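First comes one chain, alone, set out as structure tokens in the form deposited in one PDB entry.
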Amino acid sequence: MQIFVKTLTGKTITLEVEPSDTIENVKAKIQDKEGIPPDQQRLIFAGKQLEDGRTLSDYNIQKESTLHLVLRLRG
């Protein structure tokens, strides 16, 4: 399915994903298209930050849903 990922520029990129995909699988597709190393991605859907281990189906994520990519400011 085609979901949407808003990048660190705010631009929407298209991502090709599967309800089976885990969040680490999704993060790698993002690295493949935006270059962001997975160790630094934080993806926000409906105010939930998605967890490495769960899949996209566990968040009712579907075609044309939109993820928001975010990095960290540690302190």
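Numbers for residues come from their place in the sequence shown, where the first is 1. Whichever C-alpha set is largest while still superposing within 1.5 Å between the two forms counts as the rigid core.
Residue-level temperature factors show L69 in the middle third of its chain, judged at the C-alpha atom. Per the PDB record, residue ranking by Cα B-factor puts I36 in the highest third of the chain. Sort the chain's modelled residues by C-alpha temperature factor and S57 lands in the highest third, per the entry. Per the deposited record, the Cα B-factor of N25 falls in the middle third when ranked against the other modelled residues of its chain.
Keep in mind that the form deposited in another entry is missing from the display, and what follows is about it.
In this overlay on the rigid core, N60 has a C-alpha that sits 2 Å or more away from its partner position between the shown form and the other one.
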